[PDB]
Structures are given as C-alpha cells and as structure tokens.
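Novice: Provided below: coords_7.txt, containing compact mmCIF, C-alpha atoms.
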# COMPACT_ATOMS: atom_id res chain seq x y z
CA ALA T 1 67.54 -52.69 12.72
CA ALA T 2 69.30 -51.65 9.51
CA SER T 3 68.28 -54.94 7.97
CA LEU T 4 64.69 -54.41 9.06
CA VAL T 5 64.69 -51.05 7.32
CA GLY T 6 65.85 -52.61 4.06
CA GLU T 7 63.29 -55.37 4.44
CA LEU T 8 60.49 -52.81 4.73
CA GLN T 9 61.59 -50.82 1.70
CA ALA T 10 61.82 -54.05 -0.31
CA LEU T 11 58.36 -55.12 0.80
CA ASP T 12 57.08 -51.67 -0.21
CA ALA T 13 58.61 -52.01 -3.68
CA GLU T 14 56.90 -55.41 -3.92
CA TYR T 15 53.59 -53.93 -2.78
CA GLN T 16 53.75 -51.12 -5.37
CA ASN T 17 54.73 -53.44 -8.23
CA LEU T 18 52.04 -55.98 -7.33
CA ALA T 19 49.34 -53.22 -7.19
CA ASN T 20 50.46 -51.96 -10.58
CA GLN T 21 50.37 -55.43 -12.16
CA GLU T 22 46.95 -56.19 -10.64
CA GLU T 23 45.66 -52.88 -12.08
CA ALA T 24 47.23 -53.37 -15.54
CA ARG T 25 45.82 -56.87 -15.72
CA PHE T 26 42.35 -55.63 -14.68
CA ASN T 27 42.44 -53.01 -17.46
CA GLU T 28 43.48 -55.67 -19.94
CA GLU T 29 40.57 -57.84 -18.94
CA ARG T 30 38.26 -54.77 -19.17
CA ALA T 31 39.44 -54.16 -22.73
CA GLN T 32 38.59 -57.78 -23.58
CA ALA T 33 35.16 -57.54 -22.01
CA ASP T 34 34.46 -54.32 -23.94
CA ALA T 35 35.46 -56.06 -27.17
CA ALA T 36 33.31 -59.08 -26.24
CA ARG T 37 30.28 -56.81 -25.64
CA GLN T 38 30.55 -55.28 -29.12
CA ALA T 39 31.21 -58.61 -30.90
CA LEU T 40 28.34 -60.23 -29.04
CA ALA T 41 25.86 -57.43 -29.89
CA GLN T 42 26.89 -57.85 -33.53
CA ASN T 43 26.63 -61.69 -33.35
CA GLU T 44 23.20 -61.45 -31.78
CA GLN T 45 21.89 -59.53 -34.77
CA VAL T 46 23.55 -61.92 -37.24
CA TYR T 47 22.11 -64.87 -35.31
CA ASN T 48 18.61 -63.44 -35.41
CA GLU T 49 18.76 -62.64 -39.09
CA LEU T 50 20.36 -65.96 -40.03
CA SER T 51 18.03 -67.99 -37.84
CA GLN T 52 15.01 -66.42 -39.59
CA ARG T 53 16.64 -67.09 -42.95
CA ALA T 54 17.30 -70.73 -42.08
CA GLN T 55 13.77 -71.19 -40.78
CA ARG T 56 12.24 -69.77 -43.98
CA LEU T 57 14.48 -71.94 -46.19
CA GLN T 58 13.44 -75.15 -44.50
CA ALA T 59 9.76 -74.20 -44.41
CA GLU T 60 9.37 -73.02 -48.02
CA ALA T 61 11.60 -75.77 -49.38
CA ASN T 62 8.47 -77.41 -50.85
CA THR T 63 7.38 -74.49 -53.01
CA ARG T 64 10.82 -74.72 -54.65
CA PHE T 65 11.96 -76.50 -57.77
CA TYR T 66 15.40 -76.80 -56.16
CA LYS T 67 14.01 -78.45 -53.05
CA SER T 68 17.07 -80.59 -52.23
CA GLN T 69 19.35 -77.55 -52.34
CA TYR T 70 17.03 -75.43 -50.20
CA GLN T 71 16.86 -78.20 -47.60
CA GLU T 72 20.65 -78.48 -47.75
CA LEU T 73 21.29 -74.76 -47.35
CA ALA T 74 18.89 -74.60 -44.36
CA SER T 75 20.73 -77.53 -42.75
CA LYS T 76 24.11 -75.90 -43.30
CA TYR T 77 22.79 -72.69 -41.70
CA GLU T 78 21.61 -74.64 -38.65
CA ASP T 79 25.10 -76.12 -38.22
CA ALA T 80 26.69 -72.69 -38.52
CA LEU T 81 24.15 -71.16 -36.12
CA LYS T 82 25.22 -73.77 -33.52
CA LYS T 83 28.78 -72.56 -33.82
CA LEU T 84 27.65 -68.91 -33.70
CA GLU T 85 25.79 -69.74 -30.51
CA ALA T 86 28.91 -71.41 -29.06
CA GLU T 87 30.94 -68.30 -29.85
CA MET T 88 28.32 -66.07 -28.18
CA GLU T 89 28.39 -68.22 -25.05
CA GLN T 90 32.14 -67.72 -24.78
CA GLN T 91 31.74 -63.95 -25.27
CA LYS T 92 29.13 -63.98 -22.52
CA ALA T 93 31.49 -65.79 -20.11
CA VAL T 94 34.25 -63.28 -20.84
CA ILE T 95 31.79 -60.49 -19.96
CA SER T 96 30.47 -62.35 -16.93
CA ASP T 97 33.95 -62.97 -15.53
CA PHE T 98 34.80 -59.28 -15.89
CA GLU T 99 31.58 -58.16 -14.15
CA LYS T 100 32.42 -60.53 -11.28
CA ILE T 101 35.89 -59.14 -10.66
CA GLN T 102 34.54 -55.63 -11.22
CA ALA T 103 31.98 -56.23 -8.40
CA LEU T 104 34.57 -57.78 -6.05
CA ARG T 105 36.80 -54.69 -6.57
CA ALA T 106 33.92 -52.27 -5.90
CA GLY T 107 33.33 -53.99 -2.58
CA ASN T 108 36.89 -53.27 -1.38
CA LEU T 109 36.06 -49.70 -0.40
Once more with this new file: its structure as structure tokens, please.
Specialist:
Amino acid sequence: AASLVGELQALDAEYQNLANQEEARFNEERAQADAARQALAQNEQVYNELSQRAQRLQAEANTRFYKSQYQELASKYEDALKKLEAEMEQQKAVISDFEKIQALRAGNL
C-alpha cells in the first residue's frame, strides 16, 4: 500500500522526465532540419550556377587557346558537383526524417 504509493510517484517522475527528453530531442532535431533547409536552398543555387558554368567550360573548350585547361577545369567542377549533390541528398534525408516524426506526432491527437 505504502510501497505502491511510492511506486506510482516514481513512475510519474519517470513519465515526466521521459516526456521532457522526448520533447527536447524533437526540438533539437527540428533545429537541425531548419538548418538543413537553409543550407540545401543555398546549395541548390550553387549547384545550378556551377553546373551551368561546368557545362559551358566543356562545350566552349574548343574556341579556347587554353583548351586542355578548360577541359580540366570542367572535369574538376563535375567531380565537385557530385560531392555537392551527395551533400544535398544528406540534407534532404535530414529534412525528410524530421517531417516523418513531425507527422507521426501530429497524429497522436
């Protein structure tokens, strides 16, 4: 009886602490998704600009005296655009994961 009462109060302390940690962790993940959204919007513009640049370099490389170097620079841009793309995919998964838990939470009530 007296033990049961202490058990209940302990379980309530556990409940409260768990709810607070779940909530703090959700807010932390929200802050990371918000940061991913901004970084991704900025990477998408860099990608577009750089992709166009790289495409022009490789195309026009023949009207250039420094042909070898224009072909080289275009190739280096392509490599870097592959990495940029990889980074954007990760940002997208961070955002996607957050939207998924956000939706699961909204369905709780």
Novice: Mind checking which residues fall within 8 Å of segment 79-88 of chain T, counting only C-alpha atoms, ignoring those fewer than 6 positions away in the same chain, and posting them as a VMD selection string?
Specialist: chain T and resid 40 43 to 44 47 50 to 51
Novice: Given the choices T:1, T:10, T:101, T:66, which gets closest to residue 22 of chain T if the distance is worked out from only C-alpha atoms?
Specialist: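 Of T:1, T:10, T:101, T:66, the one nearest residue 22 of chain T, counting only C-alpha atoms, is T:101.
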Novice: Let me make sure I understand: among T:56, T:76, T:100, T:92, which one has the smallest atom-to-atom distance to residue 37 of chain T if we use all atoms listed in the file?
Specialist: T:92
Novice: What does the structure give for the distance between atom CA of residue 12 of chain T and atom CA of residue 107 of chain T, in Å to one decimal?
Specialist: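 So the two atoms, atom CA of residue 12 of chain T and atom CA of residue 107 of chain T, lie 24.0 Å apart.
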Novice: Pick out the residues sitting within 12 Å of residue 34 of chain T, and hand them over as a ChimeraX atom specification; count all atoms listed in the file, and ignore anything fewer than 5 positions along from it in its own chain.
Specialist: /T:27-29,39-41,91-92,94-96,98-99
Novice: Interatomic distance between atom CA of residue 26 of chain T and atom CA of residue 8 of chain T?
Specialist: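 One can read the atom CA of residue 26 of chain T to atom CA of residue 8 of chain T distance as 26.7 Å.
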Novice: May I ask which of the residues T:57, T:73, T:4, T:36 is the closest one to residue 93 of chain T, counting only C-alpha atoms?
Specialist: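 Of the candidates, the smallest distance to residue 93 of chain T is held by T:36.
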Novice: To one decimal place, how far is atom CA of residue 45 of chain T from atom CA of residue 59 of chain T in Å?
Specialist: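 Computing the Euclidean distance for atom CA of residue 45 of chain T and atom CA of residue 59 of chain T yields 21.3 Å.
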Novice: Closest to residue 48 of chain T among T:77, T:35, T:105, T:63, using all atoms listed in the file?
Specialist: T:77
